[PDB]
>>> print(open('final_23.txt').read())   # compact mmCIF, N, CA and C atoms
# COMPACT_ATOMS: atom_id res chain seq x y z
N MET I 1 11.58 -15.47 7.81
CA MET I 1 10.98 -15.79 6.48
C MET I 1 11.09 -14.57 5.55
N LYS I 2 10.81 -14.79 4.27
CA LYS I 2 10.84 -13.74 3.26
C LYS I 2 9.47 -13.06 3.08
N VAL I 3 9.53 -11.79 2.67
CA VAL I 3 8.35 -10.99 2.31
C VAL I 3 7.46 -11.69 1.27
N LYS I 4 8.08 -12.24 0.23
CA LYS I 4 7.33 -12.87 -0.86
C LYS I 4 6.31 -13.90 -0.37
N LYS I 5 6.62 -14.58 0.73
CA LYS I 5 5.72 -15.59 1.27
C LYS I 5 4.39 -15.00 1.75
N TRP I 6 4.41 -13.73 2.15
CA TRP I 6 3.27 -13.10 2.84
C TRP I 6 2.53 -12.06 1.97
N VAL I 7 2.95 -11.90 0.72
CA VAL I 7 2.31 -10.94 -0.18
C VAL I 7 0.88 -11.34 -0.55
N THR I 8 0.00 -10.34 -0.58
CA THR I 8 -1.38 -10.51 -1.04
C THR I 8 -1.65 -9.62 -2.25
N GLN I 9 -2.60 -10.04 -3.08
CA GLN I 9 -3.15 -9.17 -4.13
C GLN I 9 -4.49 -8.56 -3.70
N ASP I 10 -4.96 -8.94 -2.51
CA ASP I 10 -6.24 -8.49 -1.98
C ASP I 10 -5.98 -7.25 -1.12
N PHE I 11 -5.84 -6.10 -1.79
CA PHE I 11 -5.59 -4.82 -1.12
C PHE I 11 -6.12 -3.65 -1.96
N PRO I 12 -6.37 -2.49 -1.32
CA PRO I 12 -6.92 -1.33 -2.04
C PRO I 12 -5.87 -0.63 -2.92
N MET I 13 -6.18 -0.46 -4.20
CA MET I 13 -5.23 0.12 -5.15
C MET I 13 -5.96 1.01 -6.15
N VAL I 14 -5.40 2.18 -6.46
CA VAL I 14 -5.90 2.99 -7.57
C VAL I 14 -4.75 3.51 -8.40
N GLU I 15 -5.06 3.99 -9.60
CA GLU I 15 -4.05 4.66 -10.44
C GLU I 15 -3.95 6.14 -10.06
N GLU I 16 -2.81 6.76 -10.34
CA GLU I 16 -2.50 8.12 -9.86
C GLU I 16 -3.49 9.23 -10.24
N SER I 17 -4.28 9.02 -11.29
CA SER I 17 -5.24 10.01 -11.78
C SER I 17 -6.69 9.64 -11.48
N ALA I 18 -6.86 8.64 -10.62
CA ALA I 18 -8.17 8.24 -10.14
C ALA I 18 -8.86 9.45 -9.52
N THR I 19 -10.19 9.48 -9.61
CA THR I 19 -10.94 10.53 -8.91
C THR I 19 -11.01 10.24 -7.41
N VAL I 20 -11.27 11.29 -6.64
CA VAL I 20 -11.56 11.14 -5.22
C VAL I 20 -12.69 10.12 -4.95
N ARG I 21 -13.77 10.19 -5.75
CA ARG I 21 -14.90 9.26 -5.61
C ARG I 21 -14.41 7.81 -5.72
N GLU I 22 -13.63 7.53 -6.76
CA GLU I 22 -13.09 6.17 -6.97
C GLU I 22 -12.21 5.68 -5.83
N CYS I 23 -11.35 6.56 -5.31
CA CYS I 23 -10.47 6.20 -4.22
C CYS I 23 -11.26 5.90 -2.95
N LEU I 24 -12.23 6.75 -2.64
CA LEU I 24 -13.08 6.54 -1.48
C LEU I 24 -13.81 5.19 -1.59
N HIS I 25 -14.29 4.88 -2.78
CA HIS I 25 -15.02 3.63 -2.98
C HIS I 25 -14.10 2.42 -2.70
N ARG I 26 -12.91 2.43 -3.26
CA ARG I 26 -11.96 1.32 -3.03
C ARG I 26 -11.70 1.11 -1.54
N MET I 27 -11.50 2.21 -0.81
CA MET I 27 -11.23 2.12 0.64
C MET I 27 -12.46 1.56 1.33
N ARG I 28 -13.67 1.95 0.92
CA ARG I 28 -14.89 1.36 1.52
C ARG I 28 -14.97 -0.15 1.26
N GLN I 29 -14.52 -0.59 0.09
CA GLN I 29 -14.64 -2.03 -0.26
C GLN I 29 -13.72 -2.86 0.62
N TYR I 30 -12.61 -2.25 1.05
CA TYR I 30 -11.65 -2.91 1.93
C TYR I 30 -11.79 -2.48 3.38
N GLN I 31 -12.83 -1.68 3.67
CA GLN I 31 -13.16 -1.23 5.01
C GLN I 31 -11.92 -0.66 5.69
N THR I 32 -11.28 0.29 5.00
CA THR I 32 -9.98 0.79 5.39
C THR I 32 -9.83 2.31 5.08
N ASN I 33 -8.70 2.89 5.47
CA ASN I 33 -8.45 4.33 5.31
C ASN I 33 -7.12 4.60 4.56
N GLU I 34 -6.66 3.61 3.82
CA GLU I 34 -5.45 3.70 2.98
C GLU I 34 -5.76 3.13 1.59
N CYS I 35 -5.16 3.73 0.54
CA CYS I 35 -5.22 3.20 -0.81
C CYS I 35 -3.81 3.29 -1.35
N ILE I 36 -3.31 2.20 -1.93
CA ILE I 36 -1.99 2.20 -2.56
C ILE I 36 -2.14 2.75 -3.98
N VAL I 37 -1.18 3.54 -4.43
CA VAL I 37 -1.30 4.17 -5.76
C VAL I 37 -0.17 3.72 -6.69
N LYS I 38 -0.52 3.44 -7.94
CA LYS I 38 0.50 3.16 -8.95
C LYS I 38 0.33 4.13 -10.13
N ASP I 39 1.35 4.22 -10.97
CA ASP I 39 1.26 5.05 -12.14
C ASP I 39 0.79 4.19 -13.32
N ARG I 40 0.78 4.74 -14.53
CA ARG I 40 0.21 4.00 -15.68
C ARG I 40 1.05 2.83 -16.16
N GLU I 41 2.34 2.83 -15.82
CA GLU I 41 3.26 1.71 -16.10
C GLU I 41 3.30 0.66 -14.98
N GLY I 42 2.57 0.88 -13.90
CA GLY I 42 2.48 -0.09 -12.81
C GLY I 42 3.48 0.12 -11.70
N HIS I 43 4.22 1.23 -11.76
CA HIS I 43 5.20 1.58 -10.72
C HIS I 43 4.50 2.09 -9.48
N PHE I 44 5.12 1.84 -8.34
CA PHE I 44 4.60 2.35 -7.08
C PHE I 44 4.82 3.86 -6.92
N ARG I 45 3.77 4.58 -6.55
CA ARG I 45 3.81 6.04 -6.37
C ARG I 45 3.73 6.51 -4.93
N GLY I 46 2.92 5.83 -4.13
CA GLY I 46 2.73 6.19 -2.72
C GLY I 46 1.37 5.68 -2.28
N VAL I 47 0.85 6.28 -1.24
CA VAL I 47 -0.42 5.88 -0.69
C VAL I 47 -1.28 7.13 -0.53
N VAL I 48 -2.59 6.96 -0.58
CA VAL I 48 -3.54 8.02 -0.24
C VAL I 48 -4.18 7.66 1.10
N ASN I 49 -4.15 8.62 2.02
CA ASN I 49 -4.81 8.48 3.34
C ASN I 49 -6.21 9.12 3.26
N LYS I 50 -7.24 8.41 3.73
CA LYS I 50 -8.65 8.87 3.67
C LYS I 50 -8.88 10.28 4.20
N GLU I 51 -8.20 10.62 5.30
CA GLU I 51 -8.37 11.92 5.96
C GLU I 51 -8.01 13.07 5.03
N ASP I 52 -7.05 12.82 4.13
CA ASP I 52 -6.61 13.82 3.16
C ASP I 52 -7.64 14.11 2.04
N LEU I 53 -8.70 13.31 1.92
CA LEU I 53 -9.72 13.53 0.90
C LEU I 53 -11.01 14.18 1.41
N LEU I 54 -11.07 14.49 2.71
CA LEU I 54 -12.31 14.95 3.35
C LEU I 54 -12.96 16.16 2.68
N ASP I 55 -12.17 17.19 2.40
CA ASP I 55 -12.71 18.44 1.86
C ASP I 55 -12.43 18.61 0.36
N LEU I 56 -12.47 17.50 -0.38
CA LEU I 56 -12.27 17.54 -1.83
C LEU I 56 -13.55 17.22 -2.61
N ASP I 57 -13.70 17.86 -3.76
CA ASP I 57 -14.78 17.56 -4.69
C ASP I 57 -14.59 16.11 -5.15
N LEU I 58 -15.69 15.36 -5.23
CA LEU I 58 -15.61 13.93 -5.59
C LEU I 58 -15.08 13.69 -7.01
N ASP I 59 -15.26 14.67 -7.88
CA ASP I 59 -14.81 14.58 -9.27
C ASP I 59 -13.32 14.92 -9.45
N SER I 60 -12.71 15.52 -8.43
CA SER I 60 -11.31 15.90 -8.50
C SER I 60 -10.41 14.66 -8.42
N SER I 61 -9.14 14.86 -8.77
CA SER I 61 -8.15 13.78 -8.87
C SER I 61 -7.37 13.61 -7.57
N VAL I 62 -6.85 12.41 -7.35
CA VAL I 62 -5.98 12.14 -6.20
C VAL I 62 -4.50 12.40 -6.52
N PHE I 63 -4.23 12.88 -7.74
CA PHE I 63 -2.88 13.06 -8.27
C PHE I 63 -1.95 13.81 -7.34
N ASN I 64 -2.42 14.93 -6.78
CA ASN I 64 -1.63 15.75 -5.85
C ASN I 64 -1.76 15.37 -4.38
N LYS I 65 -2.51 14.31 -4.09
CA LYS I 65 -2.83 13.92 -2.71
C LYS I 65 -2.04 12.68 -2.23
N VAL I 66 -1.10 12.20 -3.04
CA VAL I 66 -0.35 10.99 -2.68
C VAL I 66 0.68 11.34 -1.59
N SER I 67 0.94 10.36 -0.73
CA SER I 67 1.83 10.51 0.41
C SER I 67 2.78 9.30 0.44
N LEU I 68 3.84 9.41 1.24
CA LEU I 68 4.70 8.26 1.57
C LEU I 68 5.31 7.54 0.36
N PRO I 69 6.01 8.29 -0.51
CA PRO I 69 6.65 7.64 -1.65
C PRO I 69 7.75 6.64 -1.25
N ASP I 70 8.23 6.70 -0.01
CA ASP I 70 9.34 5.85 0.46
C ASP I 70 8.86 4.63 1.23
N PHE I 71 7.53 4.46 1.33
CA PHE I 71 6.92 3.41 2.16
C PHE I 71 6.69 2.15 1.32
N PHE I 72 7.71 1.30 1.27
CA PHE I 72 7.66 0.06 0.50
C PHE I 72 8.74 -0.89 0.99
N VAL I 73 8.59 -2.16 0.65
CA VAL I 73 9.69 -3.14 0.74
C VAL I 73 9.80 -3.90 -0.59
N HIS I 74 10.92 -4.59 -0.80
CA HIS I 74 11.13 -5.37 -2.03
C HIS I 74 10.67 -6.82 -1.84
N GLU I 75 10.31 -7.48 -2.94
CA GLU I 75 9.89 -8.88 -2.89
C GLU I 75 10.86 -9.80 -2.15
N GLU I 76 12.15 -9.56 -2.35
CA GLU I 76 13.19 -10.47 -1.84
C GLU I 76 13.74 -10.08 -0.46
N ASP I 77 13.15 -9.06 0.15
CA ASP I 77 13.50 -8.69 1.53
C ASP I 77 13.01 -9.74 2.53
N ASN I 78 13.60 -9.68 3.71
CA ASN I 78 13.17 -10.49 4.83
C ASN I 78 11.97 -9.84 5.48
N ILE I 79 11.03 -10.66 5.94
CA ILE I 79 9.84 -10.13 6.60
C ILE I 79 10.23 -9.29 7.84
N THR I 80 11.34 -9.63 8.50
CA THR I 80 11.91 -8.81 9.56
C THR I 80 12.22 -7.36 9.14
N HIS I 81 12.53 -7.14 7.86
CA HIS I 81 12.73 -5.79 7.34
C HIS I 81 11.44 -4.95 7.30
N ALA I 82 10.32 -5.60 7.01
CA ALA I 82 9.00 -4.96 7.06
C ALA I 82 8.72 -4.36 8.45
N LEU I 83 9.28 -4.95 9.49
CA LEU I 83 9.11 -4.43 10.85
C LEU I 83 9.59 -2.99 10.91
N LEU I 84 10.73 -2.72 10.28
CA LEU I 84 11.26 -1.37 10.27
C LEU I 84 10.34 -0.36 9.56
N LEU I 85 9.70 -0.77 8.47
CA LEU I 85 8.76 0.11 7.75
C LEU I 85 7.49 0.35 8.57
N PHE I 86 6.93 -0.71 9.17
CA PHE I 86 5.73 -0.54 10.00
C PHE I 86 6.01 0.31 11.25
N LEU I 87 7.22 0.26 11.76
CA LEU I 87 7.62 1.15 12.86
C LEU I 87 7.60 2.61 12.42
N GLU I 88 8.02 2.87 11.18
CA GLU I 88 7.94 4.21 10.60
C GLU I 88 6.50 4.68 10.37
N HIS I 89 5.66 3.81 9.79
CA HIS I 89 4.26 4.12 9.50
C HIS I 89 3.35 2.90 9.68
N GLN I 90 2.39 2.98 10.60
CA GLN I 90 1.52 1.81 10.88
C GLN I 90 0.30 1.73 9.94
N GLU I 91 0.57 1.65 8.66
CA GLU I 91 -0.46 1.60 7.64
C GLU I 91 -0.95 0.16 7.59
N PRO I 92 -2.22 -0.07 7.24
CA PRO I 92 -2.72 -1.45 7.12
C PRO I 92 -2.14 -2.31 6.01
N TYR I 93 -1.59 -1.67 4.98
CA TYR I 93 -0.98 -2.35 3.86
C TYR I 93 0.35 -1.72 3.47
N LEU I 94 1.38 -2.56 3.44
CA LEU I 94 2.74 -2.17 3.06
C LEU I 94 2.99 -2.55 1.58
N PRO I 95 3.23 -1.55 0.72
CA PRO I 95 3.54 -1.85 -0.67
C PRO I 95 4.78 -2.72 -0.85
N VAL I 96 4.69 -3.66 -1.79
CA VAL I 96 5.80 -4.54 -2.19
C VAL I 96 6.15 -4.28 -3.64
N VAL I 97 7.43 -4.11 -3.92
CA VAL I 97 7.87 -3.75 -5.26
C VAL I 97 9.00 -4.66 -5.74
N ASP I 98 9.22 -4.67 -7.06
CA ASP I 98 10.37 -5.37 -7.65
C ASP I 98 11.52 -4.38 -7.81
N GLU I 99 12.58 -4.80 -8.48
CA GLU I 99 13.78 -3.98 -8.60
C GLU I 99 13.64 -2.74 -9.48
N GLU I 100 12.61 -2.70 -10.32
CA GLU I 100 12.30 -1.50 -11.11
C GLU I 100 11.20 -0.66 -10.48
N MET I 101 10.91 -0.87 -9.19
CA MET I 101 9.83 -0.18 -8.50
C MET I 101 8.41 -0.46 -9.01
N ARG I 102 8.21 -1.58 -9.71
CA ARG I 102 6.86 -1.98 -10.12
C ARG I 102 6.15 -2.57 -8.91
N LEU I 103 4.91 -2.16 -8.70
CA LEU I 103 4.08 -2.70 -7.63
C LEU I 103 3.74 -4.17 -7.88
N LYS I 104 4.09 -5.04 -6.93
CA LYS I 104 3.88 -6.49 -7.08
C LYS I 104 2.82 -7.06 -6.12
N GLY I 105 2.35 -6.22 -5.22
CA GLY I 105 1.39 -6.62 -4.17
C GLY I 105 1.56 -5.78 -2.92
N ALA I 106 1.01 -6.28 -1.83
CA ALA I 106 1.21 -5.68 -0.51
C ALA I 106 1.35 -6.76 0.55
N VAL I 107 1.93 -6.36 1.67
CA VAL I 107 1.89 -7.14 2.92
C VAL I 107 0.91 -6.42 3.85
N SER I 108 -0.17 -7.09 4.21
CA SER I 108 -1.08 -6.51 5.21
C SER I 108 -0.43 -6.48 6.58
N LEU I 109 -0.70 -5.44 7.37
CA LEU I 109 -0.24 -5.44 8.76
C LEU I 109 -0.70 -6.71 9.49
N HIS I 110 -1.94 -7.13 9.24
CA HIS I 110 -2.45 -8.35 9.87
C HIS I 110 -1.54 -9.52 9.55
N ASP I 111 -1.24 -9.72 8.26
CA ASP I 111 -0.42 -10.87 7.84
C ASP I 111 1.01 -10.77 8.36
N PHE I 112 1.55 -9.56 8.43
CA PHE I 112 2.83 -9.35 9.10
C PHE I 112 2.82 -9.82 10.55
N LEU I 113 1.77 -9.48 11.31
CA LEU I 113 1.68 -9.93 12.68
C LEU I 113 1.57 -11.45 12.77
N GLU I 114 0.85 -12.06 11.84
CA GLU I 114 0.74 -13.52 11.75
C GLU I 114 2.12 -14.14 11.52
N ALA I 115 2.96 -13.48 10.71
CA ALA I 115 4.34 -13.93 10.52
C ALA I 115 5.08 -13.95 11.85
N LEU I 116 4.95 -12.87 12.63
CA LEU I 116 5.60 -12.76 13.95
C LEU I 116 5.05 -13.75 14.97
N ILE I 117 3.77 -14.08 14.87
CA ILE I 117 3.19 -15.11 15.73
C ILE I 117 3.84 -16.46 15.45
N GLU I 118 4.08 -16.74 14.18
CA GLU I 118 4.79 -17.96 13.77
C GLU I 118 6.24 -17.96 14.25
N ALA I 119 6.93 -16.84 14.02
CA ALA I 119 8.33 -16.66 14.42
C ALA I 119 8.46 -16.32 15.90
N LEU I 120 8.06 -17.26 16.75
CA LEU I 120 7.74 -17.07 18.19
C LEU I 120 6.60 -18.06 18.46
N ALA I 121 5.99 -18.03 19.64
CA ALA I 121 4.70 -18.70 19.82
C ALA I 121 3.73 -17.76 20.53
>>> encode(input="final_23.txt", output="structure tokens")
Amino acid sequence: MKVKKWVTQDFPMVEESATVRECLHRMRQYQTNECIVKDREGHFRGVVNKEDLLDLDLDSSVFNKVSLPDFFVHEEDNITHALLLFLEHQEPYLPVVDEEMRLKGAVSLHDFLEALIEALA
């Protein structure tokens, strides 16, 4: 099946200049340790890992704390391609982008596994 079938909008996201406080809050709302980051035009920038914010002032920015700029798949990829990205990094949410690198959603690791349960029994 295709990635587009499994995309969700229900995932943790902040803008690149969000404060540490804001990022931590988003991750708490999703009970998770990853936040996907976009820039002001909606392009994908990378992800913030919770562990990287431990010793930061809450008022400071996440701008310099982004990681994994290469961790994404495209809308029109096969869900089998997402397997290769999750093998590289087992993050709970895999960013999904269009051809101009605009963030279009995410594939949750959970939903990816559900795809594999279907593609098999």
>>> closest_residue(input="final_23.txt", among="I:79, I:18, I:101, I:56", to="residue 114 (chain I)", atoms="only C-alpha atoms")
I:79
>>> atom_distance(input="final_23.txt", atom1="atom C of residue 53 (chain I)", atom2="CA of residue 91 (chain I)")
17.6 Å
>>> closest_residue(input="final_23.txt", among="I:38, I:80, I:86, I:104", to="residue 119 (chain I)", atoms="only C-alpha atoms")
I:80
>>> closest_residue(input="final_23.txt", among="I:73, I:27, I:20, I:120", to="residue 107 (chain I)", atoms="only C-alpha atoms")
I:73
>>> atom_distance(input="final_23.txt", atom1="CA of residue 28 (chain I)", atom2="CA of residue 11 (chain I)")
11.5 Å
>>> select_by_dssp(input="final_23.txt", residues="chain I", states="strand (DSSP E or B)", output="MDAnalysis selection string")
chainID I and resid 2 8 13:15 19 34:38 43:49 61 67 73:74 78 93:97 102:108
>>> closest_residue(input="final_23.txt", among="I:61, I:31, I:17, I:8", to="residue 103 (chain I)", atoms="only C-alpha atoms")
I:8
>>> atom_distance(input="final_23.txt", atom1="atom N of residue 47 (chain I)", atom2="atom N of residue 16 (chain I)")
9.8 Å
>>> residues_near_point(input="final_23.txt", point="(-0.5, -3.8, 8.6)", cutoff="6 Å", atoms="only C-alpha atoms", output="ChimeraX atom specification")
/I:91-93,108-110
>>> residues_around(input="final_23.txt", residues="residue 29 (chain I)", least_positions_apart="5", cutoff="12 Å", atoms="only C-alpha atoms", output="JSON, numbers by chain")
{"I": [10, 11, 12, 13, 22, 23, 24, 34, 35]}
>>> closest_residue(input="final_23.txt", among="I:66, I:97, I:113, I:83", to="residue 46 (chain I)", atoms="all atoms listed in the file")
I:66
>>> closest_residue(input="final_23.txt", among="I:33, I:117, I:69, I:90", to="residue 51 (chain I)", atoms="only N, CA and C atoms")
I:33
>>> axis_aligned_box(input="final_23.txt", around="region 45-57 of chain I", padding_each_side="8 Å", output="JSON")
{"center_x": -5.5, "center_y": 11.6, "center_z": -0.3, "size_x": 34.6, "size_y": 30.0, "size_z": 28.5}
>>> select_by_dssp(input="final_23.txt", residues="region 45-85 of chain I", states="helix (DSSP H, G or I)", output="PyMOL selection string")
chain I and resi 50-53+63-65+79-85
>>> write_last_selection(input="final_23.txt", atoms="N, CA and C atoms", output="PDB file, keeping the file's coordinate frame")
ATOM      1  N   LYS I  50      -7.240   8.410   3.730  1.00  0.00           N
ATOM      2  CA  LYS I  50      -8.650   8.870   3.670  1.00  0.00           C
ATOM      3  C   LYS I  50      -8.880  10.280   4.200  1.00  0.00           C
ATOM      4  N   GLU I  51      -8.200  10.620   5.300  1.00  0.00           N
ATOM      5  CA  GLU I  51      -8.370  11.920   5.960  1.00  0.00           C
ATOM      6  C   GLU I  51      -8.010  13.070   5.030  1.00  0.00           C
ATOM      7  N   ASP I  52      -7.050  12.820   4.130  1.00  0.00           N
ATOM      8  CA  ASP I  52      -6.610  13.820   3.160  1.00  0.00           C
ATOM      9  C   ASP I  52      -7.640  14.110   2.040  1.00  0.00           C
ATOM     10  N   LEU I  53      -8.700  13.310   1.920  1.00  0.00           N
ATOM     11  CA  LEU I  53      -9.720  13.530   0.900  1.00  0.00           C
ATOM     12  C   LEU I  53     -11.010  14.180   1.410  1.00  0.00           C
ATOM     13  N   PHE I  63      -4.230  12.880  -7.740  1.00  0.00           N
ATOM     14  CA  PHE I  63      -2.880  13.060  -8.270  1.00  0.00           C
ATOM     15  C   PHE I  63      -1.950  13.810  -7.340  1.00  0.00           C
ATOM     16  N   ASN I  64      -2.420  14.930  -6.780  1.00  0.00           N
ATOM     17  CA  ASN I  64      -1.630  15.750  -5.850  1.00  0.00           C
ATOM     18  C   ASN I  64      -1.760  15.370  -4.380  1.00  0.00           C
ATOM     19  N   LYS I  65      -2.510  14.310  -4.090  1.00  0.00           N
ATOM     20  CA  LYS I  65      -2.830  13.920  -2.710  1.00  0.00           C
ATOM     21  C   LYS I  65      -2.040  12.680  -2.230  1.00  0.00           C
ATOM     22  N   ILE I  79      11.030 -10.660   5.940  1.00  0.00           N
ATOM     23  CA  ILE I  79       9.840 -10.130   6.600  1.00  0.00           C
ATOM     24  C   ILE I  79      10.230  -9.290   7.840  1.00  0.00           C
ATOM     25  N   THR I  80      11.340  -9.630   8.500  1.00  0.00           N
ATOM     26  CA  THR I  80      11.910  -8.810   9.560  1.00  0.00           C
ATOM     27  C   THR I  80      12.220  -7.360   9.140  1.00  0.00           C
ATOM     28  N   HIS I  81      12.530  -7.140   7.860  1.00  0.00           N
ATOM     29  CA  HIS I  81      12.730  -5.790   7.340  1.00  0.00           C
ATOM     30  C   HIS I  81      11.440  -4.950   7.300  1.00  0.00           C
ATOM     31  N   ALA I  82      10.320  -5.600   7.010  1.00  0.00           N
ATOM     32  CA  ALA I  82       9.000  -4.960   7.060  1.00  0.00           C
ATOM     33  C   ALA I  82       8.720  -4.360   8.450  1.00  0.00           C
ATOM     34  N   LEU I  83       9.280  -4.950   9.490  1.00  0.00           N
ATOM     35  CA  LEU I  83       9.110  -4.430  10.850  1.00  0.00           C
ATOM     36  C   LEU I  83       9.590  -2.990  10.910  1.00  0.00           C
ATOM     37  N   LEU I  84      10.730  -2.720  10.280  1.00  0.00           N
ATOM     38  CA  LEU I  84      11.260  -1.370  10.270  1.00  0.00           C
ATOM     39  C   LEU I  84      10.340  -0.360   9.560  1.00  0.00           C
ATOM     40  N   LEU I  85       9.700  -0.770   8.470  1.00  0.00           N
ATOM     41  CA  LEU I  85       8.760   0.110   7.750  1.00  0.00           C
ATOM     42  C   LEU I  85       7.490   0.350   8.570  1.00  0.00           C
TER      43      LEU I  85
END
